[PDB]
Amino acid sequence: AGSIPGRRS
Amino acid sequence: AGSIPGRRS
Amino acid sequence: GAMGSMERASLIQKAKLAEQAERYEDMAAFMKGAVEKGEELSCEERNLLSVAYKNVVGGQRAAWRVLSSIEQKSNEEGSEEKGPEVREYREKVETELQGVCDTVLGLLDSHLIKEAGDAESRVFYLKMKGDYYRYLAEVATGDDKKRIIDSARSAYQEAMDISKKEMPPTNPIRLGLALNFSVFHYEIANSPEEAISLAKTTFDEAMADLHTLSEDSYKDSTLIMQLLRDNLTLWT
Amino acid sequence: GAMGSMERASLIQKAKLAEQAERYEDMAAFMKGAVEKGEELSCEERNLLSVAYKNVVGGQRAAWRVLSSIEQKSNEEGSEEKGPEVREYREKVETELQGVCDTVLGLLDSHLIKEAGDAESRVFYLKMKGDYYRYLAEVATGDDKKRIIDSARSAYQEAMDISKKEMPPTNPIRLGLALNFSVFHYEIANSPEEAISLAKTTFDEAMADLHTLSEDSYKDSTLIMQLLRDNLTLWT
């Protein structure tokens, strides 16, 4: 499962 | 143009 | 700190350049410097802080999982003894990952959370606190593992309580918090049923609120709703 | 050095783990430690050294190009003045990139090249010397730019002379050297015709030697031949 990717502004 | 990629052993 | 001599605005500007250059360690250092100026962060600045550290810890987590897998294989029946090196190097990466998490948690505690009064800032920071305790829980194996898990849970729960009282069900912060807390339940807390129930209810309550949104807000919310659905498909 | 207390074999082992974990800065530090033990490097160990630093400098070069492009746009007619930050940050990345190149060149000079007697090791290291002077030339703009370019040229030329006398035309080291020296001619030395001629002749002489090779050697050589052809297609 995935959390929020969150690696791009 | 490309040189040898060289980033994987 | 090494960023103490640089202007706040210059640190922000360089964090944005560092993102463009895929220099996430630099980005994180610039944003840490900006936080340490002592002023509150705007919405955009909070997002730069999060993106920077998410990329840094993401590389560490991926490396840790590779090394942990090799280490586990080495401890199987029939595996040639290869010495202490795999454990040592896994420990090195683990310690660095813990250091990054401690740094983020330290910024949140000194003093981002206590100054955050609006729901959008407070929920954002409490979610981050839950996330970085969750990353610590992923590698914990000792006598404090239960306390680390409980710290993640408590931060997520406080964020959830505020989000439900103060934000609409489609708010992207609220949705991402719910998504991550559901992952916590499934992957950390051994509570897959709680994970599934939370993702379901979150998705359904958001769906019912989409009609209130502009086209752009609809795109933002539905993107995260799809992540909830992706997890539900994997879990059921 | 921080790796002085670690066994040579443990450094090698950890370099291989670091590669698997995509931890290339660690990989480079481990390989630097291995070189500094003072023994010559095997073929596999030379390749680990090169892969590690190629990945490190590759990230720096990509970042430098992003920042340099932003800096050039800022100096165009009509562009709002934004202060010194873009230049400062480009300079920061540039200095770090130069430091990595200097480190590699220092390992080659103390003392890998002088102990390398076999063609496969000597050509490999001289090619690397040319490559890291080439990376320095990519960012050079001052009074030493001509000398940096000449240092790259001289290292490549010595490697070429040995390779032509001691290796078959399909040898992958010889082919990669020729490929990179051709890129030097095209991108650094303002000599596109020399670049094209070298790539052509290299490709044709390799083609004529393929019949001597095993299936596995044929795969190795043809892979690099395709890179030569890709460059020729771009350049003509």
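Projecting the Cα atoms of C:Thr103, C:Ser42, C:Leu67 onto the charge dipole of the stretch C:24-134 (Cβ charges, centred on the Cα centre) puts C:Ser42 farthest toward the positive pole. Remark: label point of D:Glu44 defined 7 Å out from Cα along the Cα-Cβ vector; separations to the same position in other copies 5.2 nm, ascending.
By Cβ position, the chain C residue that hugs the axis carrying C onto D most closely, with its distance in whole Å, is C:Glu25, 5. Counting from the shortest, the label point at D:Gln20, 7 Å from Cα toward Cβ, is 3.9 nm from the same position in each remaining copy.
Looking at the stretch C:80-173, the GluC sites (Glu not before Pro) that sit in a DSSP loop and have at most 15 other Cβ atoms within 10 Å of their own Cβ are C:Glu80, C:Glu81.
For the stretch C:135-203, the alpha carbon positions stretch 39, 21, 14 Å along the principal axes, listed from largest to smallest. Calculated from the alpha-carbon coordinates, the stretch C:109-236 shows an Rg and a Dmax of 14.8, 49 Å respectively.
Label point of C:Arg8 (7 Å along Cα→beta-carbon): distances to the other copies' equivalent points are 5.6 nm, sorted ascending.
Derived value for the protein assembly as shown: Kirkwood hydrodynamic radius 25.8 Å. Basis is the mean of 1/r over every pair of different alpha-carbon atoms. Taking all pairs of distinct Cα atoms, average 1/r, flip it, and tell me the Kirkwood hydrodynamic radius of the stretch C:1-155 in Å to one decimal place. So the Kirkwood estimate lands at 16.9 Å. Pairs with C-alpha atoms separated by more than 30 Å, drawn from the list C:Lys37/C:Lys200; C:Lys14/D:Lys146; C:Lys82/D:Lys129; C:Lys92/C:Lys146, are C:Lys37/C:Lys200; C:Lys14/D:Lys146; C:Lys82/D:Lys129. Taken about its Cα centre, chain C carries a charge dipole of about 160 debye when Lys and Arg each add +1 at the Cβ and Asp and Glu each add -1 at the Cβ. For peptide C:19-28, the mean count of partner chain Cβ atoms within 10 Å of a residue's Cβ comes to 4. In the protein assembly as shown, the calculated helix contribution to ellipticity at 222 nm averages -25000 deg cm²/dmol per residue, counting -39,500 (n - 2.57) for every DSSP H run with n ≥ 4. Each listed q (0.12, 0.16 Å⁻¹) maps to a log10 I(q)/I(0) for the stretch C:171-236, found by the Debye formula over equal Cα scatterers with no solvent: -0.28, -0.48.
Ordered by the number of other Cβ atoms lying within 10 Å of each residue's own Cβ, fewest first, D:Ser42, D:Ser10, C:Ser191 fall into the sequence D:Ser42, C:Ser191, D:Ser10. Neighbour counts of other Cβ atoms within 10 Å put D:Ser68, D:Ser221 in the fewest-to-most order D:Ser68, D:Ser221.
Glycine also receives a Cβ, built like all others from the backbone with ideal geometry; neighbour counts cover every protein chain displayed. Since every read-out is calculated from the coordinates, none of them should be taken as a lab result.
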